[PDB]
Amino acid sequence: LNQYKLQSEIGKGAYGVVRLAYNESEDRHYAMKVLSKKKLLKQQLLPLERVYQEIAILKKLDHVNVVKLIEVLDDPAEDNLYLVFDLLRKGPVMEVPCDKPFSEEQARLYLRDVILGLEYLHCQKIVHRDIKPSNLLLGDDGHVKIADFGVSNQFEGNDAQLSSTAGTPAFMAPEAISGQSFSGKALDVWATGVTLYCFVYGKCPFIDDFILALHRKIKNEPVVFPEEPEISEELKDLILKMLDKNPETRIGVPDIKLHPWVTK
């Protein structure tokens, strides 16, 4: 739309692409997500319907640990739909794999951010469904914000009752990979455990190039802390509680906030 110059591509989420966008008059840069309606059709909730579900979520979001939607340039004549967010120019906090992970204490501060954001979203009746390091954007204030609401869902009552899979394989909980329907909240906690694991190790806890072997490692193998880097027994204990294969016993968000690794 009139007031923005679209510059280079900066990231690519689940749908569309994100481009750096300059407001020439305002002397100010933004993150613009661009969706092509022709491209959407090729990828019972239809596309274009699914986009406006996302937009409905995005408009509610008002938390320091979640991204902020500014406006929607949305001309029915044009093919493109444009979603304008505030820019966090540093981008994702981490891309996995990577050789240099964060210290345990830097990881703790990033987990607090992600938990506070998740709590907000859960309080607001949203589940994210694709929490991973590459969807956590680093602010200039040192805090991460949760991005990419492409597979996220609104729900009623205590929890989202979900049938199908969505988001990234490596961060899907055992119960989601089928038959019976499962907790939204619990799937978000599992992904955040895998995220916490990535923060301190730089690699996922279950790794395989073939998806069937990944599924079995997720469903059956235990979490394995390598000897190096060394982390604390208190952190290991939180990770095992978050990567608990049974969603009934798995630690919920309110008790993660009271875990001694989180608080001290």
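Counting begins at 1, following the sequence as shown.
Engineer: Should the segment between residue 43 and residue 44 be described as having none, 1 to 3, 4 to 9, or 10 or more unmodelled residues of the deposited sequence?
Structural biologist: Unmodelled stretch: 10 or more residues.
Engineer: In terms of residues present in the deposited sequence but not modelled, what lies between residue 177 and residue 178: none, 1 to 3, 4 to 9, or 10 or more?
Structural biologist: Unmodelled stretch: 1 to 3 residues, a short break.
Engineer: Could you check the entry and say whether 142 to 150 or 168 to 176 has the higher mean CA B-factor?
Structural biologist: Higher of the two, by average CA B-factor, is 168 to 176.
Engineer: So, looking at the entry's B-factor column for Cα atoms, which has the higher mean, 101 to 109 or 152 to 160?
Structural biologist: Between 152 to 160 and 101 to 109, it is 152 to 160 that shows the higher mean C-alpha B-factor.
Engineer: Select one of 200, 211, 35, 64: the residue whose C-alpha shows the highest B-factor in the crystal structure entry.
Structural biologist: Going by the entry's C-alpha B-factors, 211 comes out highest.
Engineer: Of the options 189, 116, 87, 73, which has the highest CA B factor as deposited?
Structural biologist: If I rank 189, 116, 87, 73 by C-alpha B-factor, first place goes to 73.
Engineer: Place residue 196 in the lowest, middle or highest third of its chain's C-alpha B-factors, as listed in the PDB entry.
Structural biologist: Answer is lowest: the recorded C-alpha B-factor places it there.
Engineer: What third of the chain does residue 181 rank in for C-alpha temperature factor, lowest, middle or highest?
Structural biologist: Ranked within chain, residue 181 CA B lands in the highest tercile.
Engineer: Looking at the entry's B-factor column for C-alpha atoms only, identify whether residue 130 ranks in the lowest, middle or highest third of its chain.
Structural biologist: For residue 130, the deposited C-alpha B-factor lands in the lowest third.
Engineer: Among the modelled residues of its chain, does the C-alpha B-factor of residue 94 lie in the lowest, middle or highest third?
Structural biologist: Its C-alpha B-factor belongs to the lowest third of this chain's values.
Engineer: Lowest, middle or highest third: where is residue 77 by C-alpha B factor in its chain?
Structural biologist: Highest third.
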